[PDB]
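What follows is the content of model.cif, which has mmCIF, C-alpha atoms:
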data_protein
loop_
_atom_site.group_PDB
_atom_site.id
_atom_site.type_symbol
_atom_site.label_atom_id
_atom_site.label_comp_id
_atom_site.auth_asym_id
_atom_site.auth_seq_id
_atom_site.Cartn_x
_atom_site.Cartn_y
_atom_site.Cartn_z
ATOM 1 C CA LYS A 81 14.517 4.497 -2.791
ATOM 2 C CA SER A 82 13.619 0.785 -2.820
ATOM 3 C CA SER A 83 10.119 -0.428 -3.740
ATOM 4 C CA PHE A 84 7.964 -3.556 -3.827
ATOM 5 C CA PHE A 85 6.591 -2.422 -7.178
ATOM 6 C CA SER A 86 8.267 -3.620 -10.366
ATOM 7 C CA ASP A 87 8.382 -0.233 -12.048
ATOM 8 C CA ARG A 88 9.869 1.657 -9.098
ATOM 9 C CA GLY A 89 13.158 1.788 -7.205
ATOM 10 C CA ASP B 6 20.409 0.543 3.448
ATOM 11 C CA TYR B 7 16.822 -0.546 3.938
ATOM 12 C CA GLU B 8 16.983 0.098 7.689
ATOM 13 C CA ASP B 9 17.496 3.787 6.895
ATOM 14 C CA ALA B 10 14.684 4.135 4.319
ATOM 15 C CA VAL B 11 12.963 7.530 4.565
ATOM 16 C CA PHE B 12 9.171 7.780 4.739
ATOM 17 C CA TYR B 13 8.160 11.282 3.733
ATOM 18 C CA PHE B 14 4.431 10.886 4.371
ATOM 19 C CA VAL B 15 4.476 8.844 7.592
ATOM 20 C CA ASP B 16 3.437 11.718 9.886
ATOM 21 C CA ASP B 17 1.172 13.618 7.439
ATOM 22 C CA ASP B 18 -2.508 14.221 8.268
ATOM 23 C CA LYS B 19 -3.352 15.556 4.778
ATOM 24 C CA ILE B 20 -2.604 15.082 1.091
ATOM 25 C CA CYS B 21 -3.648 17.623 -1.482
ATOM 26 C CA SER B 22 -1.441 17.072 -4.532
ATOM 27 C CA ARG B 23 -2.393 14.452 -7.055
ATOM 28 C CA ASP B 24 1.219 14.345 -8.240
ATOM 29 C CA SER B 25 2.172 12.863 -4.844
ATOM 30 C CA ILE B 26 -0.308 9.997 -4.899
ATOM 31 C CA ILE B 27 1.918 7.378 -6.587
ATOM 32 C CA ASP B 28 4.822 8.242 -4.279
ATOM 33 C CA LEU B 29 2.528 7.969 -1.257
ATOM 34 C CA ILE B 30 1.169 4.507 -2.146
ATOM 35 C CA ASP B 31 4.642 3.204 -3.084
ATOM 36 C CA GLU B 32 6.087 4.415 0.243
ATOM 37 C CA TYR B 33 3.133 3.232 2.324
ATOM 38 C CA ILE B 34 3.296 -0.320 0.870
ATOM 39 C CA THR B 35 7.020 -0.381 1.734
ATOM 40 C CA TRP B 36 6.304 0.970 5.224
ATOM 41 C CA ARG B 37 3.875 -1.916 6.056
ATOM 42 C CA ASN B 38 6.912 -4.273 5.519
ATOM 43 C CA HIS B 39 9.559 -2.019 7.064
ATOM 44 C CA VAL B 40 7.630 -1.326 10.278
ATOM 45 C CA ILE B 41 7.581 -5.111 10.981
ATOM 46 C CA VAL B 42 11.163 -5.897 9.718
ATOM 47 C CA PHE B 43 12.701 -3.209 11.980
ATOM 48 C CA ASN B 44 10.096 -3.270 14.783
ATOM 49 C CA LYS B 45 9.179 0.357 14.364
ATOM 50 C CA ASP B 46 6.041 1.539 16.159
ATOM 51 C CA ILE B 47 3.057 0.914 13.848
ATOM 52 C CA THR B 48 1.079 3.545 15.811
ATOM 53 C CA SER B 49 3.591 6.333 15.118
ATOM 54 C CA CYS B 50 1.984 7.586 11.935
ATOM 55 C CA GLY B 51 -0.450 10.281 10.925
ATOM 56 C CA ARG B 52 -4.079 10.382 9.782
ATOM 57 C CA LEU B 53 -3.108 9.832 6.116
ATOM 58 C CA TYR B 54 -1.399 6.468 6.769
ATOM 59 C CA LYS B 55 -4.223 5.524 9.189
ATOM 60 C CA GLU B 56 -6.727 6.126 6.354
ATOM 61 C CA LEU B 57 -4.702 3.875 4.016
ATOM 62 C CA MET B 58 -4.548 1.206 6.741
ATOM 63 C CA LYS B 59 -8.369 1.047 6.705
ATOM 64 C CA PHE B 60 -8.078 -0.427 3.183
ATOM 65 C CA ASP B 61 -7.076 -3.670 4.969
ATOM 66 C CA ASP B 62 -10.797 -3.948 5.961
ATOM 67 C CA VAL B 63 -11.868 -3.060 2.425
ATOM 68 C CA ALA B 64 -9.789 -5.949 1.094
ATOM 69 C CA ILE B 65 -11.343 -8.292 3.655
ATOM 70 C CA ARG B 66 -14.869 -7.152 2.739
ATOM 71 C CA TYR B 67 -14.075 -7.507 -1.002
ATOM 72 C CA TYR B 68 -12.229 -10.869 -1.056
ATOM 73 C CA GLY B 69 -12.929 -12.538 2.324
ATOM 74 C CA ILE B 70 -10.134 -13.723 4.598
ATOM 75 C CA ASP B 71 -9.692 -17.137 2.972
ATOM 76 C CA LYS B 72 -9.168 -15.633 -0.499
ATOM 77 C CA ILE B 73 -6.846 -13.064 1.030
ATOM 78 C CA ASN B 74 -4.737 -15.819 2.598
ATOM 79 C CA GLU B 75 -4.834 -17.598 -0.784
ATOM 80 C CA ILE B 76 -3.733 -14.493 -2.750
ATOM 81 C CA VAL B 77 -0.879 -13.855 -0.288
ATOM 82 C CA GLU B 78 0.332 -17.442 -0.600
ATOM 83 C CA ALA B 79 0.214 -17.086 -4.419
ATOM 84 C CA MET B 80 2.158 -13.831 -4.565
ATOM 85 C CA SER B 81 4.708 -15.178 -2.033
ATOM 86 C CA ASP B 84 1.547 -15.758 -9.420
ATOM 87 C CA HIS B 85 -0.020 -12.287 -9.716
ATOM 88 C CA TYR B 86 -3.607 -13.127 -8.688
ATOM 89 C CA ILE B 87 -4.604 -9.472 -9.243
ATOM 90 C CA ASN B 88 -3.934 -7.958 -12.643
ATOM 91 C CA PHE B 89 -3.362 -4.270 -11.875
ATOM 92 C CA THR B 90 -4.486 -3.299 -15.404
ATOM 93 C CA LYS B 91 -8.001 -4.608 -14.670
ATOM 94 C CA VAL B 92 -8.649 -2.476 -11.578
ATOM 95 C CA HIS B 93 -11.116 0.237 -12.522
ATOM 96 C CA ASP B 94 -13.413 1.170 -9.633
ATOM 97 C CA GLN B 95 -13.070 2.567 -6.133
ATOM 98 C CA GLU B 96 -13.788 -0.610 -4.146
ATOM 99 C CA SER B 97 -11.491 -2.762 -6.307
ATOM 100 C CA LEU B 98 -8.762 -0.101 -6.144
ATOM 101 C CA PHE B 99 -8.910 0.177 -2.319
ATOM 102 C CA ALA B 100 -9.057 -3.629 -1.945
ATOM 103 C CA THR B 101 -5.987 -3.944 -4.184
ATOM 104 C CA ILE B 102 -4.003 -1.417 -2.119
ATOM 105 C CA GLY B 103 -5.183 -3.309 1.012
ATOM 106 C CA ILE B 104 -3.982 -6.612 -0.529
ATOM 107 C CA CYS B 105 -0.597 -5.160 -1.413
ATOM 108 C CA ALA B 106 -0.237 -3.965 2.220
ATOM 109 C CA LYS B 107 -1.254 -7.404 3.533
ATOM 110 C CA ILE B 108 1.321 -9.063 1.282
ATOM 111 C CA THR B 109 4.268 -6.833 2.272
ATOM 112 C CA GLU B 110 3.244 -6.993 5.982
ATOM 113 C CA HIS B 111 3.019 -10.795 5.700
ATOM 114 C CA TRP B 112 6.521 -10.895 4.172
ATOM 115 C CA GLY B 113 7.769 -8.861 7.159
ATOM 116 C CA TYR B 114 6.189 -11.334 9.620
ATOM 117 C CA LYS B 115 8.132 -14.082 7.749
ATOM 118 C CA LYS B 116 11.441 -12.134 7.805
ATOM 119 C CA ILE B 117 11.164 -11.427 4.082
ATOM 120 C CA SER B 118 11.940 -7.963 2.678
ATOM 121 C CA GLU B 119 14.586 -7.056 0.107
ATOM 122 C CA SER B 120 14.446 -10.379 -1.753
ATOM 123 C CA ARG B 121 10.914 -9.401 -2.935
ATOM 124 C CA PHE B 122 11.559 -5.831 -3.948
ATOM 125 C CA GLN B 123 10.199 -4.965 -7.417
ATOM 126 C CA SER B 124 7.915 -7.985 -7.441
ATOM 127 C CA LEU B 125 4.280 -6.856 -6.996
ATOM 128 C CA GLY B 126 3.664 -5.540 -10.526
ATOM 129 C CA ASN B 127 3.645 -2.023 -11.992
ATOM 130 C CA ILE B 128 2.297 0.722 -9.767
ATOM 131 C CA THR B 129 1.737 2.772 -12.924
ATOM 132 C CA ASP B 130 -0.629 0.037 -14.190
ATOM 133 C CA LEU B 131 -2.691 0.368 -10.986
ATOM 134 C CA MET B 132 -2.539 4.127 -10.554
ATOM 135 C CA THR B 133 -4.120 5.335 -13.806
ATOM 136 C CA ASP B 134 -5.216 8.984 -13.809
ATOM 137 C CA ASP B 135 -8.757 7.911 -12.888
ATOM 138 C CA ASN B 136 -7.583 5.803 -10.003
ATOM 139 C CA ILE B 137 -5.326 8.619 -8.766
ATOM 140 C CA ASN B 138 -8.354 10.886 -8.836
ATOM 141 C CA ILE B 139 -10.602 8.367 -7.073
ATOM 142 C CA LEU B 140 -8.009 7.976 -4.304
ATOM 143 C CA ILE B 141 -7.167 11.637 -3.725
ATOM 144 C CA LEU B 142 -10.822 12.751 -3.709
ATOM 145 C CA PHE B 143 -11.621 10.025 -1.195
ATOM 146 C CA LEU B 144 -8.696 10.922 1.049
ATOM 147 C CA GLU B 145 -9.482 14.681 0.904
ATOM 148 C CA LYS B 146 -13.060 14.002 1.881
ATOM 149 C CA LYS B 147 -11.969 11.881 4.879
ATOM 150 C CA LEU B 148 -9.131 14.198 5.960
ATOM 151 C CA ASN B 149 -10.616 17.683 5.289
#

Same coordinates, now as structure tokens:
Amino acid sequence: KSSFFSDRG
Amino acid sequence: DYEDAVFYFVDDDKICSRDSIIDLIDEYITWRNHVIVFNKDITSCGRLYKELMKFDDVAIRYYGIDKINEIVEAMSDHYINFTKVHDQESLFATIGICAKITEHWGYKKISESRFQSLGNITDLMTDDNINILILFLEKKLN
């Protein structure tokens, strides 16, 4: 998954 | 492929697992961008997403629309330090602000170039904040 959060994706 | 991103909570009317809360907020913040980028129907979502969308109003109450517009301009500088968010109103405003930012990016045809840029969800979603959020949502959605 992609994410806008820096600690995710 | 971002166009084919899967949103597992988009049609849910309930949430009753605290271990799903981080995943839900991460997905939802992505969805507020994706739904604009791919012109998906913003009304085709369940009561859970609708409850999160009400945090837009909480952010407006908390910051006012000028400061919101300012914060969005700055992020697009991390105006909000996620590690300093420790109460229900601030938490809901911060989720609201994140949604406004990723929605705004979608209006401006911005998406993948700003992945992984908002700050650490794990800084925001401490165990207390997870609990604040899930208790609130259960009370609204029971």

Handout entry: Selection result of the PyMOL selection byres ((chain B) within 9 of (chain A)) on this file, as a list in words
Key = residues 7, 10, 11, 31, 32, 34, 35, 109, 118, 119, 121, 122, 123, 124, 125, 126, 127, 128 and 129 of chain B

Exercise for the section: Would you kindly translate the PyMOL selection byres ((chain B and resi 102) around 10) into the concrete residues it picks from this file, as a list in words? Expected result: residues 30, 31, 33, 34, 57, 58, 60, 61, 63, 64, 97, 98, 99, 100, 101, 103, 104, 105, 106, 107, 108 and 131 of chain B

So that I have them on file, write out the residues from the current selection with C-alpha atoms, as a short mmCIF file (atom, residue, chain, number, x, y, z; two decimals), in the coordinates of the input.
data_model
loop_
_atom_site.label_atom_id
_atom_site.label_comp_id
_atom_site.auth_asym_id
_atom_site.auth_seq_id
_atom_site.Cartn_x
_atom_site.Cartn_y
_atom_site.Cartn_z
CA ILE B 30 1.17 4.51 -2.15
CA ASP B 31 4.64 3.20 -3.08
CA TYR B 33 3.13 3.23 2.32
CA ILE B 34 3.30 -0.32 0.87
CA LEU B 57 -4.70 3.88 4.02
CA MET B 58 -4.55 1.21 6.74
CA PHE B 60 -8.08 -0.43 3.18
CA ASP B 61 -7.08 -3.67 4.97
CA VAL B 63 -11.87 -3.06 2.42
CA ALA B 64 -9.79 -5.95 1.09
CA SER B 97 -11.49 -2.76 -6.31
CA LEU B 98 -8.76 -0.10 -6.14
CA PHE B 99 -8.91 0.18 -2.32
CA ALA B 100 -9.06 -3.63 -1.94
CA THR B 101 -5.99 -3.94 -4.18
CA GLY B 103 -5.18 -3.31 1.01
CA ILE B 104 -3.98 -6.61 -0.53
CA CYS B 105 -0.60 -5.16 -1.41
CA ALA B 106 -0.24 -3.96 2.22
CA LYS B 107 -1.25 -7.40 3.53
CA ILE B 108 1.32 -9.06 1.28
CA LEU B 131 -2.69 0.37 -10.99
#

Handout entry: Separation of atom CA of residue 86 of chain B from atom CA of residue 141 of chain B, in Å and rounded to one decimal
Key = 25.5 Å

Problem - atom CA of residue 134 of chain B to atom CA of residue 88 of chain B, distance in Å rounded to a single decimal - result: 17.0 Å

Handout entry: Non-local contacts of segment 14-20 of chain B (10 Å; all atoms listed in the file; under 5 positions in same chain excluded) as a ChimeraX atom specification
Key = /B:25-26,28-30,32-33,36,49-56,141-142,144-145,147-149

Handout entry: Closest of B:62, B:113, B:21, B:78 to residue 137 of chain B - atom-to-atom distances counting all atoms listed in the file
Key =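 Of B:62, B:113, B:21, B:78, the one nearest residue 137 of chain B, counting all atoms listed in the file, is B:21.
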
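Between residue 37 of chain B and the candidates B:112, B:139, B:9, B:73, the tightest atom-to-atom separation, counting all atoms listed in the file, involves B:112.
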
Practice task
Give me, please, the distance in Å between atom CA of residue 130 of chain B and atom CA of residue 90 of chain B, quoted to one decimal.
Solution key: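 Interatomic distance here is 5.2 Å.
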
Kindly provide, as JSON, the centre and edge lengths (Å, one decimal) of an axis-aligned box around all atoms of segment 9-13 of chain B given in the file, with 3 Å on each side.
{"center_x": 12.8, "center_y": 7.5, "center_z": 5.3, "size_x": 15.3, "size_y": 13.5, "size_z": 9.2}

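Closest approach to residue 136 of chain B among B:87, B:27, B:59, B:68 is made by B:27 (distances from only C-alpha atoms).
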